file my_file_8.txt (compact mmCIF, C-alpha atoms and all ligand atoms)
# COMPACT_ATOMS: atom_id res chain seq x y z
CA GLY A 11 -18.21 7.40 21.09
CA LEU A 12 -15.60 5.05 19.61
CA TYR A 13 -14.85 1.82 21.43
CA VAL A 14 -11.65 -0.25 21.01
CA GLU A 15 -10.80 -3.30 23.08
CA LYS A 16 -7.11 -3.41 23.97
CA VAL A 17 -5.11 -5.59 21.57
CA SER A 18 -3.56 -8.41 23.64
CA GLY A 19 0.24 -8.63 23.85
CA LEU A 20 0.79 -5.69 21.53
CA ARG A 21 4.49 -4.87 21.48
CA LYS A 22 4.95 -1.17 22.08
CA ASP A 23 7.26 -0.58 19.12
CA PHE A 24 4.59 -2.16 16.85
CA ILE A 25 4.51 -0.53 13.44
CA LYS A 26 1.31 1.46 12.94
CA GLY A 27 1.52 2.72 9.39
CA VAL A 28 -0.60 4.14 6.62
CA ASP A 29 -0.13 4.32 2.87
CA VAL A 30 -1.32 7.72 1.72
CA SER A 31 0.31 7.61 -1.70
CA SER A 32 -2.59 9.46 -3.32
CA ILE A 33 -2.11 12.46 -1.00
CA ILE A 34 -0.16 14.52 -3.55
CA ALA A 35 -2.55 14.11 -6.46
CA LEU A 36 -5.45 14.75 -4.08
CA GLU A 37 -3.94 17.94 -2.67
CA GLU A 38 -3.20 19.22 -6.16
CA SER A 39 -6.86 18.49 -6.86
CA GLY A 40 -7.85 20.91 -4.13
CA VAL A 41 -8.70 18.33 -1.47
CA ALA A 42 -7.83 19.43 2.07
CA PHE A 43 -7.64 17.71 5.44
CA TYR A 44 -8.38 18.76 9.00
CA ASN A 45 -7.84 17.55 12.55
CA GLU A 46 -10.01 16.62 15.53
CA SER A 47 -10.46 20.32 16.32
CA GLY A 48 -11.61 21.02 12.77
CA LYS A 49 -8.78 23.17 11.48
CA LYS A 50 -7.02 22.79 8.13
CA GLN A 51 -3.78 20.94 8.90
CA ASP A 52 -1.18 18.78 7.13
CA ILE A 53 -2.58 15.24 7.06
CA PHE A 54 0.86 13.96 8.00
CA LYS A 55 0.68 15.90 11.27
CA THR A 56 -2.82 14.61 12.02
CA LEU A 57 -1.60 11.07 11.34
CA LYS A 58 1.29 11.59 13.75
CA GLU A 59 -1.02 12.88 16.48
CA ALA A 60 -3.20 9.84 15.76
CA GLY A 61 -0.32 7.61 16.82
CA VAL A 62 0.77 6.62 13.33
CA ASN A 63 4.54 6.01 13.16
CA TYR A 64 5.11 4.79 9.60
CA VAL A 65 4.20 5.86 6.08
CA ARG A 66 4.10 3.58 3.05
CA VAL A 67 4.39 5.00 -0.46
CA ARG A 68 4.03 3.15 -3.74
CA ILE A 69 6.54 3.97 -6.44
CA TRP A 70 6.11 3.48 -10.18
CA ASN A 71 9.13 3.90 -12.40
CA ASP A 72 7.42 6.08 -15.06
CA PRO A 73 3.64 6.37 -14.48
CA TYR A 74 3.16 8.61 -17.52
CA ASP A 75 2.66 8.30 -21.27
CA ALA A 76 5.09 9.64 -23.86
CA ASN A 77 3.67 13.11 -23.36
CA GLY A 78 3.89 13.27 -19.60
CA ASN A 79 0.24 12.51 -18.90
CA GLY A 80 0.00 10.78 -15.54
CA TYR A 81 -1.64 7.34 -15.49
CA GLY A 82 -3.50 8.34 -12.35
CA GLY A 83 -3.65 6.30 -9.15
CA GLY A 84 -1.75 9.18 -7.59
CA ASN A 85 0.85 9.28 -10.36
CA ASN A 86 3.29 7.95 -7.78
CA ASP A 87 6.84 8.24 -8.97
CA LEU A 88 10.14 8.79 -7.19
CA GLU A 89 9.55 12.54 -6.93
CA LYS A 90 6.26 12.27 -5.08
CA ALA A 91 7.81 9.51 -2.99
CA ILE A 92 10.38 12.10 -1.90
CA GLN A 93 7.76 14.72 -1.16
CA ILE A 94 5.86 12.20 0.95
CA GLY A 95 9.03 10.97 2.63
CA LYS A 96 10.19 14.46 3.59
CA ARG A 97 6.82 15.16 5.18
CA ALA A 98 6.70 11.74 6.84
CA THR A 99 10.16 12.22 8.34
CA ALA A 100 9.18 15.79 9.23
CA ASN A 101 6.43 14.27 11.36
CA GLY A 102 8.52 11.64 13.09
CA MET A 103 7.38 8.68 11.03
CA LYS A 104 9.64 6.18 9.24
CA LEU A 105 9.08 5.50 5.54
CA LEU A 106 8.35 2.25 3.67
CA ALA A 107 9.38 2.67 0.04
CA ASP A 108 7.14 0.38 -2.03
CA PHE A 109 8.74 -0.29 -5.43
CA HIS A 110 6.23 -1.75 -7.90
CA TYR A 111 8.98 -2.06 -10.49
CA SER A 112 6.33 -1.29 -13.08
CA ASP A 113 4.95 1.91 -14.51
CA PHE A 114 1.53 1.29 -13.01
CA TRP A 115 -0.46 -0.85 -10.60
CA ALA A 116 1.35 -4.05 -9.75
CA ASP A 117 -0.80 -6.80 -8.28
CA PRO A 118 -1.66 -10.51 -8.72
CA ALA A 119 -2.73 -9.99 -12.33
CA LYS A 120 -0.48 -7.09 -13.28
CA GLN A 121 3.30 -7.14 -13.08
CA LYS A 122 4.14 -5.40 -16.36
CA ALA A 123 7.73 -4.36 -16.94
CA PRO A 124 8.43 -0.64 -16.84
CA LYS A 125 8.31 0.74 -20.39
CA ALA A 126 12.04 1.50 -20.16
CA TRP A 127 12.81 -2.18 -19.56
CA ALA A 128 10.17 -3.29 -22.07
CA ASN A 129 12.69 -4.99 -24.35
CA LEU A 130 15.86 -5.52 -22.33
CA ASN A 131 17.44 -8.94 -21.95
CA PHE A 132 16.93 -10.34 -18.47
CA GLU A 133 20.52 -9.62 -17.44
CA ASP A 134 20.24 -5.95 -18.37
CA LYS A 135 16.80 -5.61 -16.78
CA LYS A 136 18.07 -7.15 -13.55
CA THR A 137 20.92 -4.64 -13.39
CA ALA A 138 18.46 -1.89 -14.39
CA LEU A 139 16.20 -2.81 -11.49
CA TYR A 140 19.12 -2.79 -9.06
CA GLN A 141 20.38 0.51 -10.45
CA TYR A 142 16.96 2.11 -10.16
CA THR A 143 16.49 0.97 -6.59
CA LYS A 144 19.99 2.11 -5.73
CA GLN A 145 19.56 5.58 -7.21
CA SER A 146 16.02 5.99 -5.84
CA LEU A 147 17.16 5.21 -2.30
CA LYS A 148 20.16 7.52 -2.69
CA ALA A 149 17.86 10.35 -3.74
CA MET A 150 15.65 9.77 -0.71
CA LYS A 151 18.66 9.69 1.62
CA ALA A 152 19.95 13.02 0.27
CA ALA A 153 16.55 14.58 1.03
CA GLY A 154 17.12 13.52 4.63
CA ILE A 155 14.25 11.02 4.54
CA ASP A 156 14.22 8.45 7.34
CA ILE A 157 13.81 5.17 5.46
CA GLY A 158 12.91 2.33 7.76
CA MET A 159 11.85 -0.28 5.21
CA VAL A 160 11.82 -1.09 1.50
CA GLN A 161 9.40 -3.26 -0.38
CA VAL A 162 11.01 -5.06 -3.33
CA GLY A 163 7.91 -5.63 -5.42
CA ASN A 164 4.19 -5.32 -4.68
CA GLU A 165 1.92 -8.36 -4.38
CA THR A 166 4.25 -10.33 -6.64
CA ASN A 167 2.16 -13.51 -6.38
CA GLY A 168 2.93 -14.50 -9.94
CA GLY A 169 5.34 -12.04 -11.44
CA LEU A 170 7.70 -9.09 -11.22
CA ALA A 171 8.83 -6.60 -13.86
CA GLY A 172 7.58 -8.65 -16.78
CA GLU A 173 9.05 -11.90 -15.47
CA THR A 174 6.95 -14.87 -14.36
CA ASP A 175 9.63 -17.50 -13.82
CA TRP A 176 10.37 -17.70 -10.10
CA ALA A 177 14.06 -18.33 -10.70
CA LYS A 178 14.23 -15.02 -12.52
CA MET A 179 11.95 -13.35 -9.97
CA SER A 180 14.24 -14.40 -7.15
CA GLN A 181 17.20 -12.89 -8.96
CA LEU A 182 15.21 -9.68 -9.36
CA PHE A 183 14.21 -9.77 -5.70
CA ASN A 184 17.88 -10.17 -4.92
CA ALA A 185 18.87 -7.37 -7.27
CA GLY A 186 16.48 -5.07 -5.45
CA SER A 187 17.53 -6.31 -2.03
CA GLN A 188 21.17 -5.81 -2.93
CA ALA A 189 20.58 -2.12 -3.58
CA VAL A 190 18.89 -1.73 -0.21
CA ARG A 191 21.73 -3.48 1.63
CA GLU A 192 24.30 -1.26 -0.06
CA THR A 193 22.28 1.80 0.88
CA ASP A 194 21.79 1.11 4.60
CA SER A 195 22.12 -2.03 6.72
CA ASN A 196 19.35 -0.93 9.05
CA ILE A 197 16.75 -0.71 6.28
CA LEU A 198 14.49 -3.76 6.42
CA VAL A 199 13.94 -5.55 3.12
CA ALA A 200 10.39 -6.73 2.55
CA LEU A 201 8.72 -8.91 -0.08
CA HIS A 202 4.95 -8.49 -0.50
CA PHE A 203 2.49 -11.26 -1.39
CA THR A 204 -1.31 -11.49 -1.16
CA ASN A 205 -4.23 -13.92 -1.05
CA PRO A 206 -3.32 -15.72 2.21
CA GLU A 207 -6.55 -17.79 2.11
CA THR A 208 -5.21 -19.81 -0.80
CA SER A 209 -4.26 -23.15 0.68
CA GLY A 210 -0.48 -23.61 0.78
CA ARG A 211 0.37 -20.45 -1.20
CA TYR A 212 2.42 -18.59 1.41
CA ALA A 213 4.11 -21.82 2.51
CA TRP A 214 5.00 -22.56 -1.10
CA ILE A 215 6.23 -19.03 -1.71
CA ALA A 216 8.44 -18.86 1.37
CA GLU A 217 10.02 -22.18 0.39
CA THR A 218 10.63 -21.01 -3.18
CA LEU A 219 12.20 -17.82 -1.83
CA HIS A 220 14.35 -20.07 0.34
CA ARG A 221 15.35 -22.45 -2.41
CA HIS A 222 16.55 -19.47 -4.50
CA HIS A 223 18.53 -17.73 -1.75
CA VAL A 224 16.43 -14.53 -1.71
CA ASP A 225 17.84 -12.09 0.83
CA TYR A 226 14.91 -10.43 2.63
CA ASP A 227 13.80 -9.72 6.23
CA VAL A 228 10.04 -9.23 6.07
CA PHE A 229 7.41 -11.44 4.54
CA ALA A 230 4.62 -8.91 3.97
CA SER A 231 0.99 -9.72 3.27
CA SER A 232 -2.06 -7.82 2.09
CA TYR A 233 -5.19 -8.41 4.12
CA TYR A 234 -8.62 -7.29 3.01
CA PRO A 235 -11.21 -9.16 5.10
CA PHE A 236 -13.70 -9.12 2.22
CA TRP A 237 -11.60 -11.50 0.12
CA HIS A 238 -8.71 -12.85 2.17
CA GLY A 239 -10.31 -15.35 4.46
CA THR A 240 -10.17 -15.37 8.25
CA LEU A 241 -7.92 -13.65 10.75
CA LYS A 242 -7.19 -17.07 12.22
CA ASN A 243 -5.80 -18.14 8.84
CA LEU A 244 -3.80 -14.95 8.32
CA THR A 245 -2.09 -15.44 11.68
CA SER A 246 -1.58 -19.11 10.91
CA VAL A 247 0.08 -18.81 7.49
CA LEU A 248 2.21 -15.87 8.64
CA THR A 249 3.31 -17.62 11.82
CA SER A 250 4.32 -20.57 9.70
CA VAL A 251 6.54 -18.45 7.47
CA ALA A 252 8.00 -16.64 10.49
CA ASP A 253 8.84 -19.84 12.38
CA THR A 254 10.00 -21.88 9.42
CA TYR A 255 12.18 -19.24 7.79
CA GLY A 256 13.02 -16.90 10.64
CA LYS A 257 11.50 -13.90 8.89
CA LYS A 258 9.63 -10.98 10.35
CA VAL A 259 6.02 -10.72 9.15
CA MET A 260 3.46 -7.95 8.73
CA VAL A 261 0.40 -6.73 6.89
CA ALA A 262 1.45 -4.28 4.21
CA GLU A 263 -2.13 -3.48 3.24
CA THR A 264 -5.49 -3.55 4.96
CA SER A 265 -8.70 -1.53 5.24
CA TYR A 266 -12.45 -1.72 5.76
CA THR A 267 -15.62 0.10 4.79
CA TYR A 268 -16.99 2.66 7.27
CA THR A 269 -19.91 3.43 5.00
CA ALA A 270 -21.76 1.80 2.14
CA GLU A 271 -21.97 5.15 0.37
CA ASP A 272 -19.82 5.92 -2.68
CA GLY A 273 -18.60 9.45 -2.07
CA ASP A 274 -17.31 10.66 -5.43
CA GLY A 275 -19.38 8.90 -8.06
CA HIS A 276 -16.94 6.16 -9.05
CA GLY A 277 -18.06 2.67 -8.06
CA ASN A 278 -16.24 1.56 -4.92
CA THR A 279 -14.40 -1.72 -4.40
CA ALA A 280 -16.50 -2.56 -1.37
CA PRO A 281 -18.90 -3.43 -0.04
CA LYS A 282 -20.27 -5.70 -2.77
CA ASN A 283 -22.55 -8.73 -2.98
CA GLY A 284 -20.63 -11.87 -2.07
CA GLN A 285 -17.80 -10.23 -0.14
CA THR A 286 -17.32 -11.29 3.47
CA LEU A 287 -18.32 -8.58 5.92
CA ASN A 288 -17.84 -9.77 9.49
CA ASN A 289 -17.98 -6.26 10.83
CA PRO A 290 -20.82 -3.81 10.34
CA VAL A 291 -20.24 -1.21 7.64
CA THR A 292 -19.88 1.64 10.12
CA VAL A 293 -17.16 3.66 11.83
CA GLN A 294 -17.15 1.23 14.76
CA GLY A 295 -17.08 -1.66 12.34
CA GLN A 296 -14.09 -0.28 10.48
CA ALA A 297 -12.32 0.28 13.81
CA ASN A 298 -13.10 -3.30 14.84
CA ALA A 299 -11.53 -4.57 11.63
CA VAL A 300 -8.32 -2.55 11.96
CA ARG A 301 -8.00 -3.48 15.59
CA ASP A 302 -8.55 -7.15 14.71
CA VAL A 303 -5.83 -7.31 12.04
CA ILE A 304 -3.42 -5.67 14.46
CA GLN A 305 -4.44 -8.33 16.99
CA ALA A 306 -3.94 -11.05 14.37
CA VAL A 307 -0.46 -9.85 13.40
CA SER A 308 0.48 -9.32 17.03
CA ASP A 309 -0.60 -12.91 17.73
CA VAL A 310 2.17 -14.09 15.44
CA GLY A 311 4.35 -13.22 18.38
CA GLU A 312 7.83 -11.72 18.16
CA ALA A 313 7.82 -11.79 14.37
CA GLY A 314 4.67 -9.73 13.86
CA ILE A 315 6.16 -6.27 13.48
CA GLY A 316 3.19 -4.24 12.26
CA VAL A 317 0.21 -3.31 10.11
CA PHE A 318 -0.15 -0.69 7.36
CA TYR A 319 -3.63 0.60 6.64
CA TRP A 320 -3.91 1.11 2.88
CA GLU A 321 -5.18 4.49 1.69
CA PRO A 322 -6.94 5.92 4.77
CA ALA A 323 -7.41 9.21 2.96
CA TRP A 324 -8.25 8.55 -0.69
CA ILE A 325 -11.34 10.72 -0.28
CA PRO A 326 -13.44 12.30 -3.09
CA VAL A 327 -12.27 15.30 -5.10
CA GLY A 328 -15.93 16.26 -5.13
CA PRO A 329 -19.50 14.95 -4.48
CA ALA A 330 -20.95 11.99 -6.32
CA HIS A 331 -23.39 14.24 -8.18
CA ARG A 332 -20.61 16.30 -9.83
CA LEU A 333 -19.38 13.07 -11.47
CA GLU A 334 -18.43 14.87 -14.69
CA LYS A 335 -16.70 17.80 -13.01
CA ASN A 336 -14.89 15.20 -10.88
CA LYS A 337 -13.58 13.30 -13.91
CA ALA A 338 -11.94 16.54 -14.97
CA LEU A 339 -9.87 16.49 -11.77
CA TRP A 340 -9.13 12.77 -11.89
CA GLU A 341 -7.91 13.25 -15.42
CA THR A 342 -5.86 16.39 -14.86
CA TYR A 343 -4.25 15.51 -11.55
CA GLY A 344 -4.50 11.74 -11.62
CA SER A 345 -6.23 11.91 -8.25
CA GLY A 346 -8.42 8.98 -9.26
CA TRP A 347 -7.29 5.35 -9.42
CA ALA A 348 -6.40 5.73 -13.10
CA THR A 349 -6.71 8.11 -16.04
CA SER A 350 -7.63 7.43 -19.65
CA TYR A 351 -3.93 7.93 -20.39
CA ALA A 352 -3.15 4.55 -18.83
CA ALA A 353 -5.11 2.76 -21.56
CA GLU A 354 -1.83 2.24 -23.42
CA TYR A 355 0.06 0.54 -20.61
CA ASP A 356 -2.92 -1.30 -19.19
CA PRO A 357 -5.56 -1.72 -21.94
CA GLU A 358 -7.71 -4.44 -20.35
CA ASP A 359 -8.11 -3.06 -16.83
CA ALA A 360 -7.36 0.65 -16.47
CA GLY A 361 -8.35 0.99 -20.10
CA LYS A 362 -12.04 0.32 -19.47
CA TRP A 363 -12.35 1.18 -15.76
CA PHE A 364 -10.47 4.46 -15.25
CA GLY A 365 -12.09 7.06 -13.03
CA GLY A 366 -11.97 8.24 -9.43
CA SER A 367 -11.48 6.75 -5.98
CA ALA A 368 -12.67 3.19 -5.50
CA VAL A 369 -12.02 3.31 -1.77
CA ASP A 370 -13.27 6.68 -0.49
CA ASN A 371 -15.63 4.74 1.80
CA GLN A 372 -12.68 2.95 3.37
CA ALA A 373 -10.88 6.08 4.49
CA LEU A 374 -10.38 7.09 8.13
CA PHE A 375 -11.54 10.60 7.20
CA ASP A 376 -15.01 11.61 5.99
CA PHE A 377 -15.68 12.77 2.45
CA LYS A 378 -14.72 16.24 3.73
CA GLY A 379 -11.22 15.60 5.09
CA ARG A 380 -12.32 15.47 8.72
CA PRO A 381 -10.96 12.51 10.67
CA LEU A 382 -13.46 9.85 11.67
CA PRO A 383 -13.38 8.65 15.24
CA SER A 384 -11.97 5.40 13.87
CA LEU A 385 -8.67 7.16 13.24
CA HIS A 386 -8.23 6.82 17.02
CA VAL A 387 -7.80 3.06 16.60
CA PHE A 388 -4.01 3.45 16.33
CA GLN A 389 -3.80 4.85 19.81
CA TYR A 390 -6.54 2.87 21.54
CA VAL A 391 -5.13 -0.55 20.61
CA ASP A 392 -2.44 -0.06 23.21
CA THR A 393 -4.81 0.76 26.06
CA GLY A 394 -8.31 0.43 24.95
CA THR A 395 -11.07 2.98 25.24
CA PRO A 396 -11.97 4.11 28.77
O1 LIG B 401 -15.51 1.06 -10.01
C1 LIG B 401 -16.47 0.00 -10.13
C2 LIG B 401 -15.76 -1.27 -10.61
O2 LIG B 401 -14.35 -1.23 -10.19
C3 LIG B 401 -13.58 -2.39 -10.62
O3 LIG B 401 -12.25 -2.21 -10.16
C4 LIG B 401 -11.37 -1.64 -11.18
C5 LIG B 401 -10.21 -2.60 -11.44
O4 LIG B 401 -10.75 -3.86 -11.88
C6 LIG B 401 -9.43 -2.81 -10.15
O5 LIG B 401 -8.33 -3.70 -10.38
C7 LIG B 401 -8.87 -1.46 -9.72
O6 LIG B 401 -8.15 -1.59 -8.51
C8 LIG B 401 -6.99 -0.71 -8.45
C9 LIG B 401 -5.72 -1.53 -8.63
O7 LIG B 401 -5.78 -2.22 -9.89
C10 LIG B 401 -5.59 -2.54 -7.49
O8 LIG B 401 -4.39 -3.31 -7.65
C11 LIG B 401 -5.53 -1.76 -6.16
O9 LIG B 401 -5.42 -2.64 -5.10
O10 LIG B 401 -6.74 -0.96 -6.01
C12 LIG B 401 -6.95 0.01 -7.09
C13 LIG B 401 -8.23 0.81 -6.82
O11 LIG B 401 -8.33 1.05 -5.41
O12 LIG B 401 -9.96 -0.51 -9.49
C14 LIG B 401 -10.80 -0.28 -10.69
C15 LIG B 401 -11.88 0.76 -10.37
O13 LIG B 401 -12.47 0.45 -9.11
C16 LIG B 401 -14.19 -3.67 -10.02
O14 LIG B 401 -13.43 -4.82 -10.46
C17 LIG B 401 -15.62 -3.78 -10.54
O15 LIG B 401 -16.23 -4.97 -10.00
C18 LIG B 401 -16.41 -2.54 -10.05
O16 LIG B 401 -16.35 -2.46 -8.62
CA CA B 402 -15.81 6.09 -5.17

call {"tool": "encode", "arguments": {"input": "my_file_8.txt", "output": "structure tokens"}}
result
Amino acid sequence: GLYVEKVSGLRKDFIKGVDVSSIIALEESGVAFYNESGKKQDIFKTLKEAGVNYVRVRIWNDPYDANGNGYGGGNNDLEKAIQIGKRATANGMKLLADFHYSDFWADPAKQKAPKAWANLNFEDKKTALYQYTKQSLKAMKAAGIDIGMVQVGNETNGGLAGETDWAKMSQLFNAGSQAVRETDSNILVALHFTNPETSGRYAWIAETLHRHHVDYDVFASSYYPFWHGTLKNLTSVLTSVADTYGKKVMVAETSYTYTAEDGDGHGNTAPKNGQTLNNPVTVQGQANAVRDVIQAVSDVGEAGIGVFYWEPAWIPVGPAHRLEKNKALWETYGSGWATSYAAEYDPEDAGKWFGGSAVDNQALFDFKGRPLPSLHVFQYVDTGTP
């Protein structure tokens, strides 16, 4: 019963990706996924059959405390990145390695240096960052992973690896980029920023990147309709960067709520009072949103290479009523967004908010691992629904 109006002018090699970084922690938590038919099956194979052709994976340097207690959020480190890559490549999907260059969540307010770089002079940190990237890529290559793109930083709107000075950030961006270039010329180098509604931000950032000679190919943007303004604006600011700097552009993160119900007992990110919700909070609504962002990026023209849906499967480890038994899993396997063990690294945020999934209601699978009809959006954008 799912409807999807054909996206206009959609290039056929358009990147249709998903970031399922939490898949490992979730699977270790006993969560399982199925397919249309209803039979237990590797999520990566279901994704492939759904038309997905790219997988994004976040990577934290050392997402653990001194004792080896994962910080949660999927406890995404190089090792899991390799497990995800191997499976992604095994299912004919390229990989986007997302380096946060931090031990935990890296966003507009958090860009903490990895503990190992905690007190290194800038010069040594810069070479550390390059070394890490270099070795991490090399490890992936050895595992036979098909790396199509690398993200040097995640939503680095105001910082990267403990640095906030753009001159230093650019040098770090370049250090990271350098490692990619030395690894494989075909790998696209992407920089990721967010909050495209902010007047002039992207224009200012692209110029700064220019002024400091940052070597990158993709100007990536996050896009959550409930905070990031209009689709008209997204297309506009991205088209400006593409045209002005000759960069490719894409949406590295996007999603939408298919239900207002919190499935595991941990307050969800959306929907909330005040957020913009142009599409109904339903499966069709979610599909409309995904299809619209794809349209928006495609409207950039030749430079709009794709859209990655962020966490389409961060479903509940258990029902909302087992809240306490759920916490046990979130804590043991880090299958929640954060564990109490991350209080050290991130005292203010993770410290007082740790728990489970904050986006289970934004997945493309139901709380039981069964795909929602909206998962069909990746295929239907090319043709439309009969
Ligand atoms: O759970 C109910 C409350 O959640 C709060 O959100 C918390 C953090 O404030 C928020 O930053 C964090 O988000 C994670 C990460 O930091 C972010 O960069 C990434 O994009 O998403 C992660 C989770 O998906 O999530 C926790 C717990 O939700 C809200 O701020 C609060 O209003 C309320 O909803
Ligand atoms: Ca939840």

call {"tool": "residues_near_ligand", "arguments": {"input": "my_file_8.txt", "ligand": "ligand LIG 401 (chain B)", "cutoff": "8 Å", "atoms": "only C-alpha atoms and all ligand atoms", "output": "PyMOL selection string"}}
result
chain A and resi 83+115-118+120+276-280+282+347-348+359-360+363-369

call {"tool": "residues_near_ligand", "arguments": {"input": "my_file_8.txt", "ligand": "ligand CA 402 (chain B)", "cutoff": "12 Å", "atoms": "all atoms listed in the file", "output": "PyMOL selection string"}}
result
chain A and resi 267+269-281+324-331+333+336-337+340+345-347+364-373+377

call {"tool": "closest_residue", "arguments": {"input": "my_file_8.txt", "among": "A:210, A:297, A:39, A:338", "to": "residue 395 of chain A", "atoms": "only C-alpha atoms"}}
result
A:297

call {"tool": "residues_around", "arguments": {"input": "my_file_8.txt", "residues": "segment 248-256 of chain A", "least_positions_apart": "2", "cutoff": "7 Å", "atoms": "all atoms listed in the file", "output": "ChimeraX atom specification"}}
result
/A:213,216,244-246,258-259,310,313

call {"tool": "closest_residue", "arguments": {"input": "my_file_8.txt", "among": "A:139, A:230, A:262, A:155", "to": "residue 181 of chain A", "atoms": "only C-alpha atoms"}}
result
A:139

call {"tool": "closest_residue", "arguments": {"input": "my_file_8.txt", "among": "A:45, A:231, A:31, A:99", "to": "residue 204 of chain A", "atoms": "only C-alpha atoms"}}
result
A:231

call {"tool": "closest_residue", "arguments": {"input": "my_file_8.txt", "among": "A:296, A:74, A:131, A:23", "to": "residue 382 of chain A", "atoms": "all atoms listed in the file"}}
result
A:296

call {"tool": "closest_residue", "arguments": {"input": "my_file_8.txt", "among": "A:58, A:125, A:135, A:50", "to": "residue 102 of chain A", "atoms": "all atoms listed in the file"}}
result
A:58

call {"tool": "closest_residue", "arguments": {"input": "my_file_8.txt", "among": "A:164, A:305, A:145, A:218", "to": "residue 241 of chain A", "atoms": "all atoms listed in the file"}}
result
A:305

call {"tool": "atom_distance", "arguments": {"input": "my_file_8.txt", "atom1": "atom CA of residue 343 of chain A", "atom2": "atom CA of residue 35 of chain A"}}
result
5.5 Å

call {"tool": "atom_distance", "arguments": {"input": "my_file_8.txt", "atom1": "atom CA of residue 332 of chain A", "atom2": "atom CA of residue 36 of chain A"}}
result
16.3 Å

call {"tool": "atom_distance", "arguments": {"input": "my_file_8.txt", "atom1": "atom CA of residue 114 of chain A", "atom2": "atom CA of residue 260 of chain A"}}
result
23.7 Å

call {"tool": "axis_aligned_box", "arguments": {"input": "my_file_8.txt", "around": "segment 135-147 of chain A", "padding_each_side": "3 Å", "output": "AutoDock Vina command-line options"}}
result
--center_x 18.5 --center_y -0.6 --center_z -9.5 --size_x 10.9 --size_y 19.1 --size_z 20.5

call {"tool": "residues_around", "arguments": {"input": "my_file_8.txt", "residues": "residue 261 of chain A", "least_positions_apart": "4", "cutoff": "9 Å", "atoms": "all atoms listed in the file", "output": "ChimeraX atom specification"}}
result
/A:202,229-233,303-304,307,314-319

call {"tool": "residues_around", "arguments": {"input": "my_file_8.txt", "residues": "residue 152 of chain A", "least_positions_apart": "3", "cutoff": "12 Å", "atoms": "all atoms listed in the file", "output": "PyMOL selection string"}}
result
chain A and resi 92+95-96+145-149+155-157+193

call {"tool": "residues_near_point", "arguments": {"input": "my_file_8.txt", "point": "(2.7, 7.1, 7.4)", "cutoff": "12 Å", "atoms": "all atoms listed in the file", "output": "PyMOL selection string"}}
result
chain A and resi 25-31+33+53-68+91+94-107+156-159+262+317-323+388

call {"tool": "residues_around", "arguments": {"input": "my_file_8.txt", "residues": "residue 379 of chain A", "least_positions_apart": "5", "cutoff": "7 Å", "atoms": "only C-alpha atoms", "output": "list in words"}}
result
residues 42, 43 and 44 of chain A

call {"tool": "decode", "arguments": {"input": "my_file_8.txt", "residues": "segment 162-173 of chain A", "atoms": "N, CA and C atoms", "output": "mmCIF file, in the first residue's frame"}}
result
data_model
loop_
_atom_site.group_PDB
_atom_site.id
_atom_site.type_symbol
_atom_site.label_atom_id
_atom_site.label_comp_id
_atom_site.auth_asym_id
_atom_site.auth_seq_id
_atom_site.Cartn_x
_atom_site.Cartn_y
_atom_site.Cartn_z
ATOM 1 N N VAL A 162 36.071 12.658 6.529
ATOM 2 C CA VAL A 162 37.103 13.161 7.431
ATOM 3 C C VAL A 162 36.447 14.115 8.420
ATOM 4 N N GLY A 163 35.888 13.545 9.482
ATOM 5 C CA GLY A 163 35.206 14.327 10.490
ATOM 6 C C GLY A 163 33.705 14.116 10.382
ATOM 7 N N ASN A 164 32.978 14.417 11.449
ATOM 8 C CA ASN A 164 31.524 14.261 11.433
ATOM 9 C C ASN A 164 30.858 15.508 12.002
ATOM 10 N N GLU A 165 30.085 16.192 11.164
ATOM 11 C CA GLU A 165 29.400 17.415 11.582
ATOM 12 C C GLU A 165 30.358 18.356 12.321
ATOM 13 N N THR A 166 31.508 18.606 11.708
ATOM 14 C CA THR A 166 32.514 19.475 12.285
ATOM 15 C C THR A 166 32.178 20.952 12.034
ATOM 16 N N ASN A 167 31.025 21.386 12.526
ATOM 17 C CA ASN A 167 30.586 22.766 12.366
ATOM 18 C C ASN A 167 31.446 23.743 13.128
ATOM 19 N N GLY A 168 31.999 23.308 14.258
ATOM 20 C CA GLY A 168 32.821 24.197 15.050
ATOM 21 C C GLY A 168 34.039 23.566 15.686
ATOM 22 N N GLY A 169 34.430 22.392 15.218
ATOM 23 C CA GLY A 169 35.592 21.772 15.811
ATOM 24 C C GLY A 169 35.924 20.423 15.232
ATOM 25 N N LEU A 170 37.096 19.915 15.600
ATOM 26 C CA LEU A 170 37.560 18.617 15.146
ATOM 27 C C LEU A 170 38.729 18.185 16.005
ATOM 28 N N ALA A 171 38.600 17.013 16.632
ATOM 29 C CA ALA A 171 39.659 16.446 17.468
ATOM 30 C C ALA A 171 40.230 17.395 18.527
ATOM 31 N N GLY A 172 39.355 18.127 19.200
ATOM 32 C CA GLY A 172 39.815 19.023 20.235
ATOM 33 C C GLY A 172 40.265 20.381 19.749
ATOM 34 N N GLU A 173 40.246 20.600 18.440
ATOM 35 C CA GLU A 173 40.659 21.886 17.887
ATOM 36 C C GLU A 173 39.429 22.686 17.470
#
